[PDB]
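Take a look at the structure set out below.
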Amino acid sequence: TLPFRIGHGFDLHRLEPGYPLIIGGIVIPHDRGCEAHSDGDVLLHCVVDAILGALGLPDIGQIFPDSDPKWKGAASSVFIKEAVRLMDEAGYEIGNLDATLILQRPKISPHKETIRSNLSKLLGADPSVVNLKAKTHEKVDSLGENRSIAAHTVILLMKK
Amino acid sequence: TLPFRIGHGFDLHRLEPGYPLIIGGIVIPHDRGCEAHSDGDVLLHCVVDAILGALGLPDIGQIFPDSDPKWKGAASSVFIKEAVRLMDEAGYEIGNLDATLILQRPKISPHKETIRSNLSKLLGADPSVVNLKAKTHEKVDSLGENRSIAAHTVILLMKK
Amino acid sequence: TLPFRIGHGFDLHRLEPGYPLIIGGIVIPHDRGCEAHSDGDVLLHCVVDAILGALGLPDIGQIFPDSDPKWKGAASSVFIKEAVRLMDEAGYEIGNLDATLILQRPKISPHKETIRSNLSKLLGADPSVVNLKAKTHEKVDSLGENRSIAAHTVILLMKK
Ligand SMILES: Nc1ccn([C@@H]2O[C@H](COP(=O)(O)O)[C@@H](O)[C@H]2O)c(=O)n1
Ligand SMILES: Nc1ccn([C@@H]2O[C@H](COP(=O)(O)O)[C@@H](O)[C@H]2O)c(=O)n1
Ligand SMILES: Nc1ccn([C@@H]2O[C@H](COP(=O)(O)O)[C@@H](O)[C@H]2O)c(=O)n1
Ligand SMILES: [Cl-]
Ligand SMILES: [Cl-]
Ligand SMILES: [Cl-]
Ligand SMILES: [Zn+2]
Ligand SMILES: [Zn+2]
Ligand SMILES: [Zn+2]
């Protein structure tokens with residue numbers, strides 16, 4: 001069994017007027033937000049896919065499909081907790097996590113420590129090993145036109 | 001010499017009507033496929049670039065250029081096998097691999113284990129350390145309009 | 001404290017006619033270049049964000065904001081040197097770095113070793129652990145239309 005396992009997640013959602021903008025569990029006010037079947041939490045979904053992928057498990061759509069055992073309107077916290085449980089039972093913990101959010105507007109930096117603490121609380125990890133940064137998309141393509149929001153996560157898992 | 005080496009690959013191809021859609025060696029039927037000089041295998045090309053990049057070698061275009069030693073119409077398997085040979089001679093093996101495919105349509109999940117087994121066979125690695133997930137692009141930009149397909153790979157290499 | 005720390009950076013800039021194209025400190029002639037408040041160095045900025053992110057520090061905009069202590073027209077070298085200082089004081093060094101540049105035109109490969117040596121010089125790392133590759137964007141979206149340039153970096157940091 002491997003002492004370290006590397007994961008990558010990506011997620012993108014459409015932003016449309018009058019919808020919720022929820023990032024890592026945190027509500028951020030804005031003229032646009034995520035139009036999705038989920039709660040639209042691009043950061044939470046791609047952290048989940050990074051964990052699942054580091055471990056070689058089925059992906060977020062395979063584990064939590066559109067069709068009930070118990071999902072459909074689950075808060076993204078539900079998917080984060082199930083992913084850390086499966087990680088734990090596989091014999092791994094979080095070494096560190098680095099997420100990049102791509103978002104034209106609004107500014108994420110004022111909410112950053114609030115996001116990091118909530119994401120850390122849900123992962124059961126120390127905030128000193130869970131990181132998030134943000135970037136605009138320079139007014140080009142859908143992301144730049146604020147017609148979408150994307151997140152990348154790279155994660156390094158450690159054998160317990 | 002370093003016990004671990006990290007790599008990242010990215011590739012994107014145009015999708016046009018009536019072309020082959022080949023992903024990780026596997027044929028997937030679809031109204032569009034890759035218009036390319038390669039066989040268009042976005043997953044295979046970006047795994048190759050992740051390996052090459054983890055090792056600090058020239059990239060896929062530098063190692064396998066348009067101009068014969070022996071390439072031009074090589075199946076992407078040829079590039080995967082040459083990359084694992086160069087990795088081996090550098091003194092490394094695969095720790096784990098996590099690839100993300102971005103594709104609006106069709107659905108990749110039914111073909112997933114078939115893709116993973118073929119990619120594992122070509123890498124000479126166990127399927128339990130080679131992972132692939134897929135994501136739509138929410139109907140935005142070329143990827144969302146099914147006018148292209150992209151792949152990211154993060155890889156962690158281990159010293160033998 | 002963790003023996004290894006993983007980082008990811010992303011950056012994108014607009015390309016417009018008659019501007020400088022500077023990549024990893026190196027001038028590359030071209031009919032378009034980066035229109036930015038920075039020197040526009042997408043590779044240098046995203047290496048900085050990968051380092052900062054691996055360490056869990058504030059991001060490039062938070063550490064080097066628009067408002068003087070001493071920035072505003074700093075060459076991107078200034079940000080690279082401050083990032084390696086903060087890495088050093090945190091007790092880390094570079095294990096390896098793999099950057100991917102996405103650029104339709106011009107061709108980066110002829111300048112590649114020049115870029116790698118300059119980036120290595122600024123990081124205080126050996127060129128054998130600092131890697132860069134390049135990719136087109138297949139004539140689609142802003143990147144494909146040469147209306148922008150993007151860079152991804154994955155980095156693995158080692159405890160001293
Ligand atoms: N081309 C694709 C795109 C997505 N998928 C699957 O659909 C799920 C949902 O993807 P989206 O959130 O992008 O809709 C993914 O997590 C994956 O299981 C797929 O199987 N083939
Ligand atoms: N701006 C760019 C884009 C690509 N390239 C080189 O061209 C090769 C082929 O890139 P594409 O498959 O994107 O055409 C790359 O693997 C790289 O060697 C480059 O040298 N400069
Ligand atoms: N949505 C966003 C986008 C960027 N930012 C911040 O602004 C800085 C500059 O981002 P750009 O270079 O993309 O303009 C980032 O490094 C980050 O500190 C943010 O706080 N919220
Ligand atoms: Cl804006
Ligand atoms: Cl669709
Ligand atoms: Cl071109
Ligand atoms: Zn999502
Ligand atoms: Zn390709
Ligand atoms: Zn920048």
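We label chains A, B, ... in the order they appear in the structure tokens, count residues from 1 in each chain, and number ligands from 1 in the order shown.
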Item to check | Neighbourhood of ligand 9 at 6 Å, counting only C-alpha atoms and all ligand atoms, reported as a ChimeraX atom specification | outcome: /C:11,40-42,45
For the selection just defined, write its residues with N, CA and C atoms to a file, as a PDB file, in the first residue's frame.
ATOM      1  N   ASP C  11      -3.006  30.792 -13.742  1.00  0.00           N
ATOM      2  CA  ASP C  11      -3.122  32.202 -14.135  1.00  0.00           C
ATOM      3  C   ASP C  11      -3.479  32.321 -15.620  1.00  0.00           C
ATOM      4  N   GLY C  40       2.742  40.867 -16.700  1.00  0.00           N
ATOM      5  CA  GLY C  40       1.878  39.947 -17.419  1.00  0.00           C
ATOM      6  C   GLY C  40       2.358  38.517 -17.447  1.00  0.00           C
ATOM      7  N   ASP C  41       3.337  38.207 -16.594  1.00  0.00           N
ATOM      8  CA  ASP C  41       4.077  36.955 -16.696  1.00  0.00           C
ATOM      9  C   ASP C  41       3.290  35.832 -16.071  1.00  0.00           C
ATOM     10  N   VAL C  42       2.468  35.202 -16.899  1.00  0.00           N
ATOM     11  CA  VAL C  42       1.492  34.213 -16.462  1.00  0.00           C
ATOM     12  C   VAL C  42       2.180  33.009 -15.754  1.00  0.00           C
ATOM     13  N   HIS C  45       3.629  34.258 -12.265  1.00  0.00           N
ATOM     14  CA  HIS C  45       2.532  34.429 -11.322  1.00  0.00           C
ATOM     15  C   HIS C  45       1.943  33.114 -10.853  1.00  0.00           C
TER      16      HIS C  45
END
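Set the cut-off at 8 Å, count only C-alpha atoms, and the residues of chain C near chain B turn out to be residues 95, 96, 97, 98, 99, 100, 109, 128, 129, 130, 131, 132, 133, 134, 135, 137, 138, 140, 141, 153, 154, 155 and 156 of chain C.
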Item to check | 9 Å shell around ligand 4 using only C-alpha atoms and all ligand atoms, listed as a VMD selection string | outcome: chain A and resid 104 to 106 136 to 139 144 to 146
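Put simply, atom CA of residue 81 of chain B is 21.0 Å away from atom CA of residue 112 of chain B.
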Item to check | One-decimal distance in Å that lies between atom CA of residue 120 of chain A and atom 10 (O, counted along the ligand's line) of ligand 1 | outcome: 24.7 Å
Checklist entry - Got a sec: who's within 10 Å of residue 124 of chain C, counting only C-alpha atoms, leaving out chain neighbours fewer than 4 positions off, as a PyMOL selection string? => result chain C and resi 81+84+93-94+118-120
Checklist entry - Nearest to ligand 8 among B:160, B:111, B:37, B:116, with distances taken over only C-alpha atoms and all ligand atoms: which residue is it? => result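 Once distances to ligand 8 are computed over only C-alpha atoms and all ligand atoms, the minimum belongs to B:37.
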Checklist entry - Mind checking DSSP for segment 10-140 of chain B and telling me the strand (DSSP E) residues as a PyMOL selection string? => result chain B and resi 10-17+22-23+26-27+32-34+92-102+130-135
Checklist entry - Of the residues A:157, A:32, A:38, A:19, which is the one nearest to residue 90 of chain A, using only C-alpha atoms? => result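 So, comparing all the options, the nearest one is A:157.
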Item to check | Per-residue DSSP, chain C, filtered to helix (DSSP H, G or I), as number ranges by chain | outcome: C: 42-55, 60-63, 76-90, 109-123, 127-129, 141-144
Checklist entry - Expressed in Å to a single decimal, how great is the separation between atom CA of residue 17 of chain C and atom 17 (C, counted along the ligand's line) of ligand 2? => result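 Calculated distance between atom CA of residue 17 of chain C and atom 17 (C, counted along the ligand's line) of ligand 2 is 23.2 Å.
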Checklist entry - So, counting only C-alpha atoms and all ligand atoms, which residue among B:24, B:29, B:18, B:65 is closest to ligand 2? => result B:65
Checklist entry - B:63, B:103, B:74, B:149: which is nearest ligand 5, counting only C-alpha atoms and all ligand atoms? => result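 Using only C-alpha atoms and all ligand atoms, the shortest distance to ligand 5 belongs to B:103.
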